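Notes follow once the structure below has been shown.
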Amino acid sequence: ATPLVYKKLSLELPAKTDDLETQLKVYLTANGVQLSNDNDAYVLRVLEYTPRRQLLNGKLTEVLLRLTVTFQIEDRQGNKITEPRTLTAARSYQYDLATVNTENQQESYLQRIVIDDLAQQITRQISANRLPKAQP
């Protein structure tokens, strides 16, 4: 197994990111990370959480649901220990004038999958130590 470089963590997230916070916790703990507030634990700071709903007119009309997140690990003294890392997840469906009623069900469904997908990528890069170290 890959040596878990960040054993103990705390999460600093912007407001209105409950769904992501929940998913990050299940996946982080699953990888052996321990949610801690101890003075030796690091801090997973999400600097940017940006959802987006693009309407793309190509051959056909397409609704694309994206979530983009920039984050970096910091210690409890404020020192940046890795450079920021920007990840994104997305799902899209074909907009159809007939099935417009279903939009809300379809979108909330695709949104839960996007958040989940992104929670797993964030967790992957931490557990797999794939974040570039900080540099002056």
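Basis for what follows: all heavy atoms, side chains included, without hydrogens, waters or symmetry-related copies. All residue numbers in this chain count up from 1 along the given sequence.
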Counting only N and O atoms by type, is there a donor-acceptor contact under 3.5 Å from the side chain of [X] to the main-chain atoms of [Y]?
{"X": "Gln120", "Y": "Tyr27", "value": "no"}
{"X": "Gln121", "Y": "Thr88", "value": "yes"}
{"X": "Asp38", "Y": "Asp40", "value": "no"}
{"X": "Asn104", "Y": "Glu107", "value": "no"}

For [X] and [Y], which heavy atoms make the closest approach, and how far apart are they?
{"X": "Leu64", "Y": "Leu56", "result": "CD1-CD1, 4.3 Å"}
{"X": "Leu11", "Y": "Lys25", "result": "CD1-CG, 4.0 Å"}
{"X": "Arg124", "Y": "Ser127", "result": "O-OG, 2.9 Å"}
{"X": "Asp96", "Y": "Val100", "result": "O-CG2, 3.4 Å"}
{"X": "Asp117", "Y": "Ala89", "result": "CG-CB, 3.9 Å"}

Heavy-atom side-chain proximity of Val5 to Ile73 below 4.5 angstrom: no
Side-chain touch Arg85/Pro132, heavy atoms, less than 4.5 angstrom: yes
Will you find, in the side chains of [X] and [Y], an N or O donor that is under 3.5 Å from an N or O acceptor?
{"X": "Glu103", "Y": "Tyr93", "answer": "no"}
{"X": "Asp19", "Y": "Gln23", "answer": "no"}
{"X": "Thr68", "Y": "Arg52", "answer": "no"}

Verdict with supporting geometry, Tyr6 and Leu44, side-chain contact (heavy atoms from CB on, under 4.5 Å): CA-CA 10 Å; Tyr6 313 108; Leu44 172 46; over 6 Å; no
In this structure, are over 12 heavy atoms from other groups packed under 6.0 Å from [X] atom [atom1]?
{"X": "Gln54", "atom1": "CD", "value": "yes"}
{"X": "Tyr42", "atom1": "OH", "value": "no"}
{"X": "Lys80", "atom1": "NZ", "value": "yes"}
{"X": "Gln105", "atom1": "CD", "value": "no"}

Please tell me whether [X] and [Y] are part of a single hydrophobic cluster in this structure, the criterion being side-chain heavy atoms less than 4.5 Å apart.
{"X": "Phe71", "Y": "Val114", "result": "yes"}
{"X": "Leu118", "Y": "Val46", "result": "yes"}
{"X": "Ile81", "Y": "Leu131", "result": "yes"}
{"X": "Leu55", "Y": "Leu67", "result": "no"}
{"X": "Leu87", "Y": "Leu9", "result": "yes"}

Separation between [atom1] of [X] and [atom2] of [Y], rounded to the nearest 0.5 Å:
{"X": "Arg45", "Y": "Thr70", "atom1": "CZ", "atom2": "OG1", "value": "11.0 Å"}
{"X": "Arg91", "Y": "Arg112", "atom1": "CZ", "atom2": "CZ", "value": "12.5 Å"}
{"X": "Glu74", "Y": "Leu47", "atom1": "CD", "atom2": "CG", "value": "6.5 Å"}
{"X": "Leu97", "Y": "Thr61", "atom1": "CG", "atom2": "OG1", "value": "7.5 Å"}

side-chain contact (heavy atoms from CB on, under 4.5 Å) between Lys7 and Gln34, worked out: CA-CA 6 Å; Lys7 297 78 168 185; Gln34 188 185 357; over 6 Å; no
CA sep, side-chain torsions, deciding dist, call: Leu13, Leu24, side-chain contact (heavy atoms from CB on, under 4.5 Å): CA-CA 11 Å; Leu13 303 173; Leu24 285 173; 4.2 Å; yes
side-chain contact (heavy atoms from CB on, under 4.5 Å) between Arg53 and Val63, intermediate numbers included: CA-CA 7 Å; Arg53 180 181 187 273; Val63 176; 4.1 Å; yes
